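First comes one chain, alone, set out as C-alpha cells in the form solved without the partner chain.
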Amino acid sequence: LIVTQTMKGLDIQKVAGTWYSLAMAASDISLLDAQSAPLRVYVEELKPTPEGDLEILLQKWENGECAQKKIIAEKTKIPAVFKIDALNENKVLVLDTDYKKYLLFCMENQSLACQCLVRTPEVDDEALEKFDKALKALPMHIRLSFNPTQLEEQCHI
C-alpha cells in the first residue's frame, strides 16, 4: 500500500519473452549503488506459466561475476500483483505496460525498486517519460539508466 499505480486489465501471458532493463530506481541509494547492490538486477526474459505464475530470468553481479538467476513470482488475487518467496514477504506490481514496447514494475518489501523494461536495446524516451511520471509520486533517491551498448552486455557493463 505504497505503490498505488497498477495496470488494469493485465494479461500476464502477453508479457512473455525478451526484456531490457532500460532504467531502474529505488528508495534507498544502497539498494542500487554498487554493482553487487541487492536489487541491481537485469531482466532477461519473463516466462508466465500456464497457471498464471511468473518465472523471471535475470542476471546479477555477485562475487566479481555476472551471475544468472531464475526466480518465481507467484500470482495473487490481483492480476497486477505477484509475490516472491524470500525470508521477507516482498511483492511485485505491474504498474503499466503495452506488451509490445514497455513495461513498468516495482518491487516492495519501506524498501522499493522500480524498473522501466523495454523490448529492444533502444532508448525509449516515451517509456522513460511514463516511468518518471509514475515515480514522481514515490520517494526515490537513486535512478540509473543504460545506453544501447550496455543493454547488449551481460550485467550492463
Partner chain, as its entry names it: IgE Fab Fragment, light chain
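Residue numbers count along the first chain shown, from 1.
- When the other compared entries with both flanking residues are checked, residue 120 is modelled in all of them, not unmodelled in a third.
- Where the other entries of this protein model the residues before and after it, residue 49 is kept in all of them rather than dropped from a third.
- Counting the unmodelled positions of the deposited sequence between residue 109 and residue 110 gives a gap of 4 to 9 residues.
- Legend: mean Cα B-factor per stretch from the PDB entry, 100-108 versus 34-42; the higher mean is in 34-42.
- When the two stretches 62-70 and 121-129 are set side by side, the higher mean Cα temperature factor goes to 62-70.
- When all modelled residues of the chain are sorted by CA temperature factor, residue 14 is found within the middle third.
- Ranked against the other modelled residues of its chain, the C-alpha B-factor of residue 157 as given in the entry falls in the highest third.
- Sort the modelled residues of the chain by CA B factor and residue 78 lands in the middle third.
Beyond what is shown, the protein has a form deposited with the partner chain bound; the following relates to that form.
- In the bound PDB entry, the partner chain sits within 4.5 Å of a heavy atom belonging to residue 45.
- Using a 4.5 angstroms threshold between heavy atoms, residue 59 counts as touching the partner chain in the bound PDB entry.
- When contacts are judged by a 4.5 Å heavy atom cut-off, residue 5 does not count as touching the partner chain in the bound PDB entry.
- Proximity of residue 51 to the partner chain in the bound PDB entry falls outside the 4.5 Å heavy atom cutoff.
- Within 4.5 angstroms of the partner chain in the bound PDB entry, the stretch 52-80 places a non-hydrogen atom from each of 57, 59, 65, 66, 67, 68, 70, taken in sequence order.
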